[PDB]
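Scroll down for the structure; my scribbles are underneath it.
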Amino acid sequence: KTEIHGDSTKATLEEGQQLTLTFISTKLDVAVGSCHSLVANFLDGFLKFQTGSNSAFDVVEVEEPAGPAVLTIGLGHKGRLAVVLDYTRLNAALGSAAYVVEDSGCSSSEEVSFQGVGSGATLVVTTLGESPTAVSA
């Protein structure tokens, strides 16, 4: 379990993992290891992700959160991801977005970087049942 009260929190992921990041911000600069890129800019209203959109990333407009934001990405294959994020919106309503992409990026070895979580967010990184302590350290 890697947690940083600074601003960024990195942690290598291993097959069959689960990333539960509870942060209170409108921006999240994510860097999934080195074989994937994903920038969640809720400030403008779009989540740029490079999974399998061919050639490069794909910009998909997202709701306008309002403070708290729960991002839960469960891994369970070569690159299969399940981005299930539930957060509060400016529309005074709950926003539960989901993404299911089998062919995304890596899995076994992938140091994901989460910047913008500020000092108060927790990064729950566990391989289903076991705990991947940096799975490299």
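Just remember, in the structure tokens the first chain shown is A, the second B, etc., residues are 1-based per chain, and ligands are 1-based in the order shown.
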- Write out as a list in words the residues lying within 8 Å of residue 125 of chain A, counting only C-alpha atoms and excluding same-chain residues fewer than 3 positions away.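 Counting only C-alpha atoms, the residues come to residues 1, 2, 11, 13, 17, 18, 19, 20, 131 and 132 of chain A.
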Selected residues written out with N, CA and C atoms, as a PDB file, in the first residue's frame:
ATOM      1  N   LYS A   1       0.845  -1.223   0.000  1.00  0.00           N
ATOM      2  CA  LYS A   1       0.000   0.000   0.000  1.00  0.00           C
ATOM      3  C   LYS A   1       0.866   1.254   0.000  1.00  0.00           C
ATOM      4  N   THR A   2       0.896   1.947  -1.134  1.00  0.00           N
ATOM      5  CA  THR A   2       1.691   3.161  -1.263  1.00  0.00           C
ATOM      6  C   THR A   2       0.820   4.406  -1.136  1.00  0.00           C
ATOM      7  N   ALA A  11       2.943   3.470  -7.604  1.00  0.00           N
ATOM      8  CA  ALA A  11       2.941   2.108  -7.088  1.00  0.00           C
ATOM      9  C   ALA A  11       2.827   1.088  -8.213  1.00  0.00           C
ATOM     10  N   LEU A  13       1.996  -2.177 -10.208  1.00  0.00           N
ATOM     11  CA  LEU A  13       0.837  -3.053 -10.125  1.00  0.00           C
ATOM     12  C   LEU A  13       1.155  -4.439 -10.669  1.00  0.00           C
ATOM     13  N   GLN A  17      -5.048  -7.026  -9.865  1.00  0.00           N
ATOM     14  CA  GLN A  17      -4.954  -5.993  -8.845  1.00  0.00           C
ATOM     15  C   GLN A  17      -6.210  -5.136  -8.787  1.00  0.00           C
ATOM     16  N   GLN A  18      -6.187  -4.149  -7.899  1.00  0.00           N
ATOM     17  CA  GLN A  18      -7.310  -3.242  -7.721  1.00  0.00           C
ATOM     18  C   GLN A  18      -6.815  -1.892  -7.208  1.00  0.00           C
ATOM     19  N   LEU A  19      -7.052  -0.841  -7.986  1.00  0.00           N
ATOM     20  CA  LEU A  19      -6.609   0.499  -7.616  1.00  0.00           C
ATOM     21  C   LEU A  19      -7.762   1.361  -7.113  1.00  0.00           C
ATOM     22  N   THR A  20      -7.876   1.480  -5.793  1.00  0.00           N
ATOM     23  CA  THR A  20      -8.922   2.294  -5.187  1.00  0.00           C
ATOM     24  C   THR A  20      -8.348   3.627  -4.721  1.00  0.00           C
ATOM     25  N   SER A 131      -0.863  -8.437  -0.984  1.00  0.00           N
ATOM     26  CA  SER A 131      -0.434  -7.044  -1.049  1.00  0.00           C
ATOM     27  C   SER A 131       0.879  -6.901  -1.823  1.00  0.00           C
ATOM     28  N   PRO A 132       0.846  -6.265  -3.009  1.00  0.00           N
ATOM     29  CA  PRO A 132       2.041  -6.062  -3.824  1.00  0.00           C
ATOM     30  C   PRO A 132       2.849  -4.855  -3.362  1.00  0.00           C
TER      31      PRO A 132
END
- Item | Residue nearest residue 7 of chain A among A:25, A:51, A:41, A:34 (counting only C-alpha atoms) |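 Among A:25, A:51, A:41, A:34, it is A:25 that comes nearest to residue 7 of chain A.
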- Per-residue DSSP, chain A, filtered to strand (DSSP E or B), as a PyMOL selection string: chain A and resi 8-13+18-24+27-31+37-41+46-50+58-60+65-75+81-89+94-101+110-115+122-127+130
Interface rows for segment 24-64 of chain A against segment 71-84 of chain A: nearest pair, Å to one decimal, 12 Å, only C-alpha atoms, as CSV:
residue,atom,partner,partner_atom,distance
A:24,CA,A:71,CA,10.6
A:25,CA,A:71,CA,11.4
A:27,CA,A:71,CA,11.9
A:28,CA,A:71,CA,10.1
A:30,CA,A:71,CA,11.3
A:32,CA,A:79,CA,11.0
A:33,CA,A:79,CA,11.8
A:35,CA,A:79,CA,10.2
A:36,CA,A:79,CA,9.9
A:38,CA,A:83,CA,11.7
A:40,CA,A:71,CA,10.5
A:47,CA,A:83,CA,11.7
A:49,CA,A:83,CA,11.3
A:51,CA,A:79,CA,9.0
A:52,CA,A:79,CA,10.4
- Message: Which residues are close to residue 90 of chain A, i.e. within 12 Å by only C-alpha atoms, leaving aside same-chain residues fewer than 4 positions away? Reply as a list in words.
- Response: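 Near residue 90 of chain A, the qualifying residues are residues 26, 42, 43, 45, 63, 64, 65, 66, 67, 68, 94 and 95 of chain A.
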- Message: Report, in Å to a single decimal, how far apart atom CA of residue 31 of chain A and atom CA of residue 113 of chain A are.
- Response: 4.8 Å
